[PDB]
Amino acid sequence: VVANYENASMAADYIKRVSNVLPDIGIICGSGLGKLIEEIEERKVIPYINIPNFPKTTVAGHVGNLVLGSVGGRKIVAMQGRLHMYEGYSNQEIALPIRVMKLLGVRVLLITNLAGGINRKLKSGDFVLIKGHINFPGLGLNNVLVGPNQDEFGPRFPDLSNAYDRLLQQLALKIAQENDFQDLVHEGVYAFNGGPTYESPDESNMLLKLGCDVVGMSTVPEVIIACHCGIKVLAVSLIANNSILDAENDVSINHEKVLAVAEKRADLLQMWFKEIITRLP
């Protein structure tokens, strides 16, 4: 199924009938970082498998729902169970849910992820406001927009200079200052490692030379689809570890250690993003 205007419209039609919610904010949460979705008020849970033209996700399994409702007086739509390109989903399968968000009315997309730290200033448990990216799949002919252009959503050749909204970064930092956790909050450049292997120690060292501050396996495909169709983005990484220090000390990593860091910061991130949603212009 192509992520075109007709097919995105059929999915939006079904959602509108079932939920009665008209959202203007969308959220996509990282692994272990989705507790906010369980606190949406007057919520409606829609399994992907029920929605016309949504991508098939039964080979990977696990949760896959769209959740609509209210947070802080604001109408939102959330993806519960994010789609990652290392699972083998096509460009069209990744893009269709973001384009349905656009047709539903979404004007701002908030995204979190887990990432490895490259910059020597970053420690486990820190947050990084993403201000730009290095897209190795895009340079290498695996950009999420390779294929015919869907003209109703955006232009053939997008400019990504302003993909990460500066005012949303400033609001996020302001709220961290108000609650006295600004000492945890950095800004930086995100490198997209297609995955699913963690980057190797020699790859981490290369990324340090090339000006990257953090590395992860998500987020950039969704940012590009959002920017193409005029949706503003805030993206925040939670740092699991410092890859460069771990290479110097020959320390390993595994998904369990990553999820332990997510549990340690889950409740603070939930409170932060509730306030960002409440305060969005």
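Sequential numbering from 1, following the sequence displayed.
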| query | finding |
| --- | --- |
| Between the two ranges 227-235 and 39-47, the one averaging a larger CA B factor in the entry | 39-47 |
| Higher-scoring stretch by recorded Cα B factor average, 75-83 or 186-194 | 75-83 |
| Candidate set 93, 203, 151, 178 [ranked by C-alpha B-factor, highest] | 178 |
| Residue 53, C-alpha B-factor rank within chain (lowest, middle or highest third) | middle |
| CA B-factor ranking of residue 32, expressed as a third of its chain | highest |
| Residue 106, C-alpha B-factor rank within chain (lowest, middle or highest third) | middle |
| Entry-reported Cα temperature factor of residue 246, expressed as the chain third it lands in | middle |
| Residue 125 by Cα B-factor - lowest, middle or highest third of the modelled chain | middle |
